[PDB]
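Okay, here we've got a single chain as structure tokens, the form deposited in one PDB entry, with questions on binding and movement later.
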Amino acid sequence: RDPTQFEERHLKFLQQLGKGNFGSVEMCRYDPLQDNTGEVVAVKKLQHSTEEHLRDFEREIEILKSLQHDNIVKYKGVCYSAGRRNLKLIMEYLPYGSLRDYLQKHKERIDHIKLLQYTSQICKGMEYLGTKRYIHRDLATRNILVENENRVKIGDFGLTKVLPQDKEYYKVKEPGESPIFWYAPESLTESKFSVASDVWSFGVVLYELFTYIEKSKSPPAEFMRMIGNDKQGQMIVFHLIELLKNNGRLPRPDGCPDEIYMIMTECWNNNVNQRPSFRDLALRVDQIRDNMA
């Protein structure tokens, strides 16, 4: 029998874990003996399993399956439905949930040493991803999962794209729901996504971590304040682009160490080529951890 081949009939629903963009994730027990002793897994499925969505979902599955790293959620297998060929992605279940909820829950009880451990781990997952020429496009604390107190993993790849052989960016022609408050200026203006725009988003993740997910301090709350809460729909994007062009930025989180703040601000460079590399960020973060320890 194939362990990566899961029969949907044996999957028992336990609880809902999240909904992002097109897919929904559920906690399920794979219980073929039907006695509640089987493994608990996370199961991602599509809410609207159209032709086009299914095609994109299958590419996402191949992306995750190709990744093997301590800080990337583990692929376990796939479910296939008879007939129209609906797909479910089976992944390891990480019991402490999303980093966003985890931090929002425990707040400052998670100290700076711990936050920088998570930062380094996120950096390393992204650096590895980049070696495969994948662009995440959706790096945010809501897409990072907590395995235990000492380890986080990048947990969703629903927007992930593979770079063309000959280009260092991927251009999205018809944008869907976009996390614009995590987007680099060139992603907003030209829909260009690259390792460097992932670095920009990583700076926003660093901001998220050091604000402890204080709601009034979220990137959407802060950017909306800066452009004016009166701005709506497409005008938000127009004014955000103008703000960023004029070096409008998220503020330093209260109590943030200057060395960490410096990293955020370097990630948020309008000049794409001047943003740091994930290889260098991992080294820099680990050095800061070493100095603190």
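What we label the rigid core is the largest C-alpha set whose atoms superpose within 1.5 Å from one form to the other. So that there is no doubt, residue numbering starts at 1 and follows the sequence shown.
Another form, the form deposited in another entry, is not on view; read the next lines as being about it.
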- Task: Please check if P95 moves between this form and the one not shown, taking a CA shift of 2 Å or more relative to the superposed core as movement.
- Result: no
- Query: For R84, is the CA shift between this form and the one not shown at least 2 Å following rigid-core superposition?
  - Reply: yes
- Does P164 move its CA by 2 angstroms or more between this form and the one not shown when the core is aligned? no
- in that other deposited form, shift in Cα separation for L163 relative to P175, 3 Å or more: farther
- Message: Just to spell it out: taking the C-alpha atom of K44 and the C-alpha atom of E174, is that distance smaller or larger in that other deposited form than in the structure shown here, given it changes by 3 Å or more?
- Response: closer
